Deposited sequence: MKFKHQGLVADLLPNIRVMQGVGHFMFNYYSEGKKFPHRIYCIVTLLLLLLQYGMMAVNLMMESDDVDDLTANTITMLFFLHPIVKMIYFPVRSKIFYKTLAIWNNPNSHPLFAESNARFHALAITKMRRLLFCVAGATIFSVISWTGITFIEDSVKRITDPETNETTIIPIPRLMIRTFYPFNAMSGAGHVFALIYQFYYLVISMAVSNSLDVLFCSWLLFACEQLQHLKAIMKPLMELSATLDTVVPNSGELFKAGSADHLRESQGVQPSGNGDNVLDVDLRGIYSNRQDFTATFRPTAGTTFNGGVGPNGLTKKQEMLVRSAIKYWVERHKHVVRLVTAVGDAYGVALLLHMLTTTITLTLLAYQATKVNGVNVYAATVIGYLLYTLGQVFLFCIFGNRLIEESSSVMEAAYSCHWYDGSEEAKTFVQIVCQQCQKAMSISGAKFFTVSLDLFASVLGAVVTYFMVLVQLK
């Protein structure tokens, strides 16, 4: 079912160490556990070293703010990869939702067409997010290498590393520098991979829901045409079967949406809290930006990544909302007047249900939508404005 469609996403998140010991033979079940534990340990060790570094650099506020922004950035994937294992039951329940779908002979072709379209859109989203993460890692490494690693207190050389960190080694000579560079590349890659892979899984769920809704409207039209004449008993049972198919598939979509909503609603609650703190610190940092030096590039990259994650969630939530509202519109937009009273009643009840659009909530404290992205962006820009005015 839905496990097959999202198989590339499942496998990519499994390969980076995102647990999910559910979709392969028992043989691979054992080594994957050790792999995931090792990835967890490495990520946590690097984070702890970063925390030690923050504790050492608490004498000033600029370094403290930069460190705190880095820690929130690298807290996102830790929180995500600790959140999935505890809630793995809900995730597996969601992924197995569409194992047994609806079926009517007349509406099979549209079902297949929109299923294929959903699969293609999911693949496109996965590839785009993977490319974005790869670009982020490469840009981070490049900015690390062009930038002149040094500290101003007098000027003191600093080890040239992508993430400021405290290391028991020299971290500045050949062996230590090489090991630190490789380890930090691995860190960056795995952190971005885990976070963006879980996010893309959520967005792929939403994409499948939206495409199923589009199929529902596209068959809404010929269904109502089916009911039109008056009708012999056989055509009457045909209309009954078509209405049954439509209603059952709509309820299936609602079930999928509710499951996704609860699970990644808790997920987004945590995500957006962390994002709010990070964006406050980033507004303060941007207040310090002058010229087109490397500092500006780093600040702009941090802001771009944070707002990009928020925008991904918001755009797919908006897609779901607009798809439900358009289900209402397409329920109205057919030739019900020529139909029968049963079909007309079915149309009225569908419109009643579609009055309110499906949405995903962050633990009921908000709804993910381009309105939420607009609100966060407005808050960021306003806070930056008052910060510059104060300075």
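Q: List the gaps, meaning deposited-sequence segments with no CA coordinates, ordered along the sequence.
A: According to the deposited record, C-alpha coordinates are absent for 1-6, 160-167, 244-312, which together make up the missing parts.
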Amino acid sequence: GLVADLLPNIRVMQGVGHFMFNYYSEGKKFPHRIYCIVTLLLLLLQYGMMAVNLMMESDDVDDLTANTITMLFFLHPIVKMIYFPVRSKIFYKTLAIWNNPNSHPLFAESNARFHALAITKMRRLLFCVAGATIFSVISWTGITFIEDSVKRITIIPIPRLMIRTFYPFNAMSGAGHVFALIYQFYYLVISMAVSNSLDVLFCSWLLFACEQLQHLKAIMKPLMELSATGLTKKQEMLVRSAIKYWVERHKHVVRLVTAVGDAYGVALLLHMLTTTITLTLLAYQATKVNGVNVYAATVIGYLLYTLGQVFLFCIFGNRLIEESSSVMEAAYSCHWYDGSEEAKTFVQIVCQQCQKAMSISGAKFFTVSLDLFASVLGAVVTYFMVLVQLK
From here on, numbers count along this sequence of modelled residues.
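We call the rigid core the largest set of C-alpha positions that still match within 1.5 Å between the two forms.
Q: Using RMS Cα distance over all structures and residues, flag whichever of 284-292 and 191-199 lies farther from this form in 4 other deposited structures of this protein after a core fit.
A: Between 284-292 and 191-199, greater C-alpha deviation in 4 other deposited structures of this protein belongs to 284-292.
Q: Between 325-333 and 61-69, which has the larger RMS C-alpha deviation from this form in 4 other deposited structures of this protein after core superposition?
A: When 325-333 and 61-69 are compared in 4 other deposited structures of this protein, 325-333 lies farther out.
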